[PDB]
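Residue strings, one per chain:
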Amino acid sequence: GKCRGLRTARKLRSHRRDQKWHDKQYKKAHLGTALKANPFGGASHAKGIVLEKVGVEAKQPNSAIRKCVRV
Amino acid sequence: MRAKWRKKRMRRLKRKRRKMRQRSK
Amino acid sequence: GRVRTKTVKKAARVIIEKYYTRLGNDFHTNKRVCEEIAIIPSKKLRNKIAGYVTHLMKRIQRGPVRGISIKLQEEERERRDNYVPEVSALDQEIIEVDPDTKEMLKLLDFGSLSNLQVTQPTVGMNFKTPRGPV
Amino acid sequence: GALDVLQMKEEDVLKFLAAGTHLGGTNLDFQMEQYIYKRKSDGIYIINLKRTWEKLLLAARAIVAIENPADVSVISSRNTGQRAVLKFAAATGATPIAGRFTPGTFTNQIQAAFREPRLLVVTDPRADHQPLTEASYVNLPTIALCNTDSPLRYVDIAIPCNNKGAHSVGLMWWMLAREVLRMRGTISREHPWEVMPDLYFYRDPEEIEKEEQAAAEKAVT
Amino acid sequence: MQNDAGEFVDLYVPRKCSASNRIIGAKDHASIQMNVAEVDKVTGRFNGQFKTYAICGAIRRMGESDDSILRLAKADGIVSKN
Amino acid sequence: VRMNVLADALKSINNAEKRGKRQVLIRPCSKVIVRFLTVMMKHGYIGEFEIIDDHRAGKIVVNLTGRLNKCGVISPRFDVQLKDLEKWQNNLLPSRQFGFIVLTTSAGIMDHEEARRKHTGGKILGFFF
Amino acid sequence: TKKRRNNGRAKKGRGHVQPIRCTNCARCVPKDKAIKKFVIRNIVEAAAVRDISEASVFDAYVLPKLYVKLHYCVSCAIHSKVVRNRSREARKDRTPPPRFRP
Amino acid sequence: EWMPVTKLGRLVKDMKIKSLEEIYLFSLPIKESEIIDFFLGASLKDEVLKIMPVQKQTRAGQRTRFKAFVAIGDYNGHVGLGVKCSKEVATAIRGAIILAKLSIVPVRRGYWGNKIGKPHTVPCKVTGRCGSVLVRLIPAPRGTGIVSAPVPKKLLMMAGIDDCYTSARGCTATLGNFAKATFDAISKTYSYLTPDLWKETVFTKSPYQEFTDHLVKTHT
RNA sequence: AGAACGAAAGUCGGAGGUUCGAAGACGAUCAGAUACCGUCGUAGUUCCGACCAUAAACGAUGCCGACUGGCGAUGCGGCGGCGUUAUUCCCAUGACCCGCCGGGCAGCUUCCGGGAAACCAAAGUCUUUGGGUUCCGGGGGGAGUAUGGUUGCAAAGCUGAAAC
RNA sequence: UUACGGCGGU
Ligand SMILES: [Zn+2]
């Protein structure tokens, strides 16, 4: 079981902070490799230049060509 | 593929790149 | 292929339950009785009912079949309600006990109100049949 | 039975001991240690007769407390207990079930085999348990004359007598028939009740009609 | 159920088991209420009245209603007095 | 390795009242658990109890009345201030009409209703309803 | 799912039992998973009894029995039909089948 | 046009039993849906919750049946929840109204404090589990309203309760079990001993012994 | 934190080498047989010494404490009793017989209660949630991979991500 | 004794 006594606030608060590193949406927001990885760099929009029209093919039950670019 | 034989073909493969790195230091 | 379906057996049971006083172990009379007293849509199930009627004639003349007919229900009263025996099976005035249950009837305070001879339990403790297969 | 009119009345001890009624076989349920006296050297548990007398009166007070006499249902599944249940119900005016107890009698209100009783009394707890667990659905108090083997789940006035021998079962239905009539103006407590306890016993095999005519060449001819 | 005005604001009052003091519910269909007709002293016959005892289905299913209804016959002068 | 004896005492009472029993046996006695039981006897949840005085730690036999729902314990003896007391009430009481968080004050083991009649916040010791 | 309460094996208070070997296929099984069968077959093949007792040098000869203990892996106990696949509620009985000798 | 077949429906048509609250306290098994329709007629609305198509696989295609969840109740302390499968929607949904009135329980109402008038909330906090879903109904102060998901609020408003804090854990997207869990919580508001229910009950006379006239004199 | 021991396989060294037997050789069977099957057979299997420290190392259930149904049986102690059998023609202890008490490996029944259910007398005493304390889980993969440290003669072990 | 496969979406 867990710790319950009026003296274990060091064990409880240290056991919570290292078990927070085990869900994604805390760890992608607090470990910093995930914001040094997304090409927006932590933003919502980005201007860029177009290199190539490229058409990817749709997934498993569908069949169409999704029109994409190579910004 | 069986998990103990997925283990073998990556234990065989991690000694293959433990040697490539050791080769080209 | 002889085995008789449920409508043959059920309708023949309601004849023998209800018109037992008119029937017998002759096939060719029961065929005429069941023609007159039932409503039978064709001739083939008529005498296929009547044959099962004669079968149960030899069957209920032997013993208590599922037979709520008035005679087979009345004669059992001569067993369960009669046979009040002229002597009793509880009244023999020489009945055995063991010396532990003479102690039981003494703290009921009936030790001197009864005759109640004792029998000693023979030495033993050889109950509890032996364990294990063989 | 805290009275003097309801005391043990020593003649029945001569009837109890001449029918079994105090011999419980070899193991006991944990809820019947209060009813038992001691174990023999045979292993047979013998039963305090003061305890089985006081419950039989207590069972009788429940049956007298039912207003309609044709409303208590008296039931039996095994054969040793089917003759007693027929003329217990004739005596105290109950309604019997002998033979197989069809499941769905107390709770399935559609078919015409629907009895709706207020109190039920049983020959045997573990051998006639289908009416017990079905009384559990329809909030119905149950008496069951029980032996030391028998488990005591839904029973209420479990009579700790016997349910194995044929002399014991018929006498206990006789003793319960006698006293439930004697708590009315039917038997005065004074004269002995002339209905014989041999009348409620389980019936002999087929030599019945043979033995009686072998000693009746002087009454018919 | 005795508000501050002092009134009964309650659909009914439920029974409770004379063995384990707990409430018989509205659809506990194993709960019995049964009568014990006591007898008058001198003649030993049925005098007209009785006593009622309610046994809830949870303590009736556990198998000690016979221990129960003897014990509340023990307190109420019917049993043996030994 | 009986770290709390009030926790063990109140667990045994709670198992037996849901079982249907009329008497329990509480095998170690202390003065903390006899002043716990003489808060719920006075409110009326248990009855006559005897302390069986022996020369090691005594036993207690309690007569269960049936009116007890749960008699749990808060096993870290948390401290409660009188500003903090009202939110301890609605966490572990079933209603506001009945049930008591019983807590040890400087002036004795009390109720929560008795404790705010005085002005003497303390350490929360257990609850019962 | 756990199929059986014991794990098909009669070990409770141990860590390890001896391996024994199957009789027909020689497979390594533990001593308490293995399906045992003790055979007390008479060596004379009972059709051939009244052809040797007349050829005997006695008038009443006690014919010796043969006492061979079999034990099987359960992959060969099921195929040889010495045990049978059972229903999920007729499984909780450890009583053996009847004998039916005459 | 209803002739009864049981004792309990027999004593209600001739108007010898009055105002259901005693056959609740003698814990009768109600058998016919006309008894509850007899007392609580013209005070019952019947609205359904969900019609879900359960189905089974067969040798030739699939048996497709329908599973109706209906809640019935007045606004003064009575609720039912009935569930019935049938092959077709309209006949499944019709027989569930019978099964919902046939299983009707009284809900107990209480106060948050300041017991000033008509009771408005649950007397204590209660719980109902059904499979994995536990519904916790918590007494709210006066003037709150029902703070819950829609489908337990459909049954609490149909229980004649004013205001109730509510929490819930589990697969609450399992409408049938999330309706029977909250129905179980309002099925045990009277199965809970509060200190206004301490004094030992006087036992009145049950209708099977108090009405033995109409069975013996009139039925026979 | 830091240690002790830890199946089998494996490594280093020495004894030994019957049987079995990875590898390999062949004979078959096969569309193909680098498999099943058969004949032979190296390392290995056995012992001593030194290492490695992992298993479906599983009751897939951490340890300590308490409370909460029943029944028969078993193993080891202890206590009490009819009797039976031992040199005993008397003994005391042995063997059985009937119980009780404690610790144990389990079983059978149960609407104790629990649980998503299989099932569990614990996996119960839990929204009526708090007996102590340790380890550990957070959708599936990538991945027990990468790299850093560290242990090892090696094989590898422990620690252990992210991009996607 | 031998019995190996069965396009994608519906
Ligand atoms: Zn084999």
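As recorded in the PDB entry, chain G goes by the name 40S ribosomal protein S26, listed as coming from Homo sapiens. According to the record, the entry carries the title "Human ribosome nascent chain complex (CDH1-RNC) stalled by a drug-like molecule with AP and PE tRNAs". Entered under Function (literature references left out) in the UniProt record, the comment concerning chain G runs "Component of the small ribosomal subunit. The ribosome is a large ribonucleoprotein complex responsible for the synthesis of proteins in the cell." Taken from UniProt, the Subunit comment for chain G reads in full: "Component of the 40S small ribosomal subunit."

Within the PDB entry, the label attached to chain F reads 40S ribosomal protein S15a, and the organism entered is Homo sapiens. Recorded in UniProt for chain F, the comment headed Subunit (literature references left out) runs: "Component of the 40S ribosomal subunit. Part of the small subunit (SSU) processome, composed of more than 70 proteins and the RNA chaperone small nucleolar RNA (snoRNA) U3." The annotation that UniProt attaches to chain F under Sequence similarities is "Belongs to the universal ribosomal protein uS8 family."

Draft legend 1. Quick peek at a negative patch on the surface. A cluster of acidic residues, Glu-86 of chain C together with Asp-204, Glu-206, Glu-207, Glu-211 and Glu-212 of chain D, forms a negative patch on the protein surface. Checked against the element boundaries, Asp-204 of chain D lands in the loop between α5 (166-182) and α6 (208-213).

Draft legend 2. The coordination of the zinc ion, seen in detail. Around the zinc ion, the protein contributes the donor atoms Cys-22 of chain G (SG), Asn-24 of chain G (OD1), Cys-25 of chain G (SG), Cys-73 of chain G (SG) and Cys-76 of chain G (SG), at 2.4 to 2.7 Å from the metal centre. Relative accessible area serves as the criterion here: at 5%, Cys-22 of chain G is assigned to the buried category.

Draft legend 3. Highlighting the side chain of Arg-108 of chain H. As for its placement among the helices and strands, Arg-108 of chain H is situated in the loop between β6 (104-106) and β7 (126-130). A distance of 2.7 Å separates a polar atom in the side chain of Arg-108 of chain H from a polar atom in the side chain of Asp-196 of chain H. In this structure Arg-108 of chain H touches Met-1 and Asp-10 of chain E together with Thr-121, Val-122, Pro-123, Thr-189, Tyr-190, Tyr-192, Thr-194, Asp-196 and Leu-197 of chain H, once residues within four positions along its chain are discounted.

Draft legend 4. Molecular detail of the sheet that holds strand β1 (residues 23-26) of chain F. Residues and elements named next belong to chain F. Taken in spatial order, the three strands line up as β1-β3-β2 in an open sheet, and their pairing is antiparallel. Strands at the two margins of the open sheet, each flanked by one partner only, are β1 and β2 (46-52). Each neighbouring strand pair of the sheet contributes to a mean axis angle of 20°, computed without reference to strand direction. As paired strands, β2 and strand β3 (residues 59-64) are joined by five bridges and run antiparallel to one another. Residue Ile-46 lies in a different strand from β3, and its bridge partner there is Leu-64. Strands in contact with helix α1 (residues 5-17) are β1 and β3; relative to β1, the strand with the most contacts, it is inclined by about 160°. The sheet strands contacting helix α2 (residues 31-43) are β1, β2 and β3, and the helix crosses β2 at an angle near 160°.

About the criteria used
Entry numbering is not used for residues: they are numbered from 1 along each chain in the order the sequence is written, which may differ from it, and residues without coordinates are omitted. Chains carry letters from A onward and ligands carry numbers from 1 onward, assigned in written order. Note that the chains on view sit within a larger assembly, with every value limited to the chains on view. No hydrogens and no water enter the side-chain calculation; it runs on all heavy atoms of the structure. UniProt positions are given in the numbering used here, feature names are shortened, and annotations may be inferred rather than shown by experiment. For patches, a residue must show more than 30% relative accessible area and have no salt bridge; joins then use 9 Å for like charges and 5 Å for nonpolar side chains, namely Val, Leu, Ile, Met, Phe, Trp and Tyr. Here the Shrake-Rupley method, with its probe set to 1.4 Å, supplies the accessible areas, and only the displayed protein chains count as covering residues. Think of a salt bridge as a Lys or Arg side-chain nitrogen and an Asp or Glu carboxyl oxygen that are within 4 Å of each other. All tallies of charge rest on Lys and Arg as positive and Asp and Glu as negative; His and the ends of each chain are not included. Charge positions are represented by NZ for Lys, CZ for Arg, CG for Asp and CD for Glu. Each helix is a run of DSSP H or I of at least 4 residues and each strand a run of E of at least 2, with the numbering of both proceeding from the N terminus. In this analysis a donor is any N, O or S atom within 2.8 Å of a metal ion (3.2 Å for sodium, potassium and calcium), and since water is not included, sites may seem incomplete. Think of it in three bands: residues with accessible area under 20% of the maximum for their type are buried, residues over 50% are exposed, and the middle band is partly exposed, with areas taken using a 1.4 Å probe on protein chains only. In protein, a polar contact requires one atom able to donate a hydrogen and another able to accept it; more generally it is a pair of N or O atoms within 3.5 Å, and residues adjacent in sequence count only if both atoms are side-chain atoms. We call two residues in contact when some of their heavy atoms are within 4.5 Å. Two strands are said to pair when DSSP picks up at least two bridges between them. The axes used here are C-alpha line fits, helices contributing only the stretch in contact, and every angle between their N-to-C directions lies in the interval 0 to 180 degrees.

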